[PDB]
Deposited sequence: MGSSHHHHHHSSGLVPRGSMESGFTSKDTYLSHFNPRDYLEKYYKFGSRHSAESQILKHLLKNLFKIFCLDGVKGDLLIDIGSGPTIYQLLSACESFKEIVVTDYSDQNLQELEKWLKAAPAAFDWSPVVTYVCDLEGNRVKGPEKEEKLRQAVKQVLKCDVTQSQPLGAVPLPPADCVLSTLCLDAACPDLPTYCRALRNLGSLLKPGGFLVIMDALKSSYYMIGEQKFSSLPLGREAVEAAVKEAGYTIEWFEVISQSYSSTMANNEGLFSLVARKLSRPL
């Protein structure tokens, strides 16, 4: 369908799961949004300050954190590895999981997160340097699993203890074709959480597509209200909800800002 409509969406209107296994390139994605005063860096700086505030300034701590739809990225776990003993990274895409495993073993061919790590280190008061912080995160990531938000058991039949937190960054908008699927995916992740467990979500507002170069992928256009309502219906109580008006470059997405939320599983 070239560029009229997102890839894998001609039939259903939304990018199909197998499009993420076939046309999602981890290296390309990382080079597009995570190299670094672009729109992409300003959003990543906001994302990092929010994760720093949630995990380090606020009481978002425990033993196990599960990251849902991690992709090939690790920026979302930097501040979290300070409050959680264990972290499980998950994604639907095996090529994404392989990119994480390169980084986990500090393979020379893995993506360089050094600028991002230095930035989280400066935010955190410079108690440690970049290489020390990287090793603490690497040591905290205990599992790298296959994930599928649309399944009642998202991690398949992998026995895991109940988690104290479930973090999901820029995944749910890309994975859920409508509000009922979005609500059901929030219920599915709740099955991984202890009662009173934390749900941390950060995603785009009113975006119908996002790009990896010239490959167009679907996004669920959500407003502030629809996210609030779907989170509440899924069995959660919102602790806090933030909305930034900052959007990605016009050549990469049509988002009208982003949101951050901390909710509690009822």
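In this chain, the deposited residues that lack C-alpha positions fall in the ranges 1 to 10, 47 to 49, 280 to 283.
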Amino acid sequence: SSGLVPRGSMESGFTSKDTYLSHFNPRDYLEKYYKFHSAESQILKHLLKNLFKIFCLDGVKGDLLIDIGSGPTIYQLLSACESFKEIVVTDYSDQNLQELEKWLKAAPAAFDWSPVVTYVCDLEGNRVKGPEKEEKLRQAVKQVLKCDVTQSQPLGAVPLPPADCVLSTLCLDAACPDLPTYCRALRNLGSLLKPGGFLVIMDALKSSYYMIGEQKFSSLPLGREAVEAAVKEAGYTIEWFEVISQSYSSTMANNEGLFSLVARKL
From here on, numbers count along this sequence of modelled residues.
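In at least a third of the other PDB entries of this protein that model the residues around it, residue 36 has no coordinates. The mean C-alpha temperature factor is higher for 108 to 116 when 108 to 116 and 69 to 77 are set side by side. 197 to 205 and 229 to 237 differ in mean CA B-factor, and the higher of the two is recorded for 229 to 237. Annotation for residue 244: C-alpha temperature factor in the middle third relative to the rest of the modelled chain, per the entry. Among the modelled residues of its chain, residue 127 has a C-alpha B-factor that falls in the highest third, as given in the PDB entry. When the modelled residues of the chain are ordered by their C-alpha B factor, residue 61 lands in the highest third. When the CA B factors of the chain's modelled residues are split into thirds, the value for residue 253 lands in the highest one. Among the modelled residues of its chain, residue 138 has a C-alpha B-factor that falls in the lowest third, as given in the PDB entry.
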